[PDB]
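So the structure is just underneath, and the comments pick up after that.
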Amino acid sequence: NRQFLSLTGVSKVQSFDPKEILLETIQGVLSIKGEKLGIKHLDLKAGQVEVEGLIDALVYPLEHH
Amino acid sequence: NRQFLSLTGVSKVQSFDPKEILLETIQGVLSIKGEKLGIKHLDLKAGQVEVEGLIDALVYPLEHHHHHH
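Protein sequence lines, in the order shown, are assigned to chains B and A. When the letters of the first sequence are read in order and numbered with the entry's author numbering, they come out as residues 22 to 86. When the letters of the second sequence are read in order and numbered with the entry's author numbering, they come out as residues 22 to 90.
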């Protein structure tokens, strides 16, 4: 059930481990939680990030949850 | 400020409007809210979707009562 998620407009990877990825973007922080997560690609110049893994939840902007 | 979001494991587009897209995926529904949103690509064989626009929020899994029933 592995999924690949790609997003632009990302300004920074705040933190990453296989259970959670925190990304900083336009309206705040995006939280991706799950298991076996991994950063597949990152290009801050282009504001591009690619993530893969077993996704349980996606929350954005994290400050409103 | 326009963002591009692509996701795999998508089985169905529940509903689409330039301000909200509801997609059915593995654990339930993913809600993408914002403005001038558009679905640029949808391939159900591959389970792939590509969305673009101004994203204000992403909630997954969405609350059952907020699905488009």
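Just so you know, even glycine gets a beta-carbon here, dropped at the ideal spot from N, CA and C.
- Taking C-beta separations shorter than 6 Å and ignoring five residues to either side along the sequence, the partners of B/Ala78 in its chain run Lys54, following chain order.
- Taking 8 Å as the threshold, the shortest C-beta distance from B/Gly59 to chain A does not fall below it.
- Between A/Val34 and A/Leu44, the gap from beta carbon to beta carbon is short of 8 Å.
- Between the C-alpha atoms of A/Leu58 and B/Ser52 there is a straight-line separation of about 21 Å.
- Close to A/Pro82, with beta-carbon spacing below 9 Å, are these residues of chain B in chain order: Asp77, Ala78, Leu79.
- Counting the other Cβ atoms within 10 Å of the Cβ of A/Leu28 gives 16 or more, which makes it buried.
- Taken in chain order, the complete beta strand (DSSP E) segments of 3 residues or longer contained in the segment 40-86 of chain B are 41-46, 49-64, 69-81.
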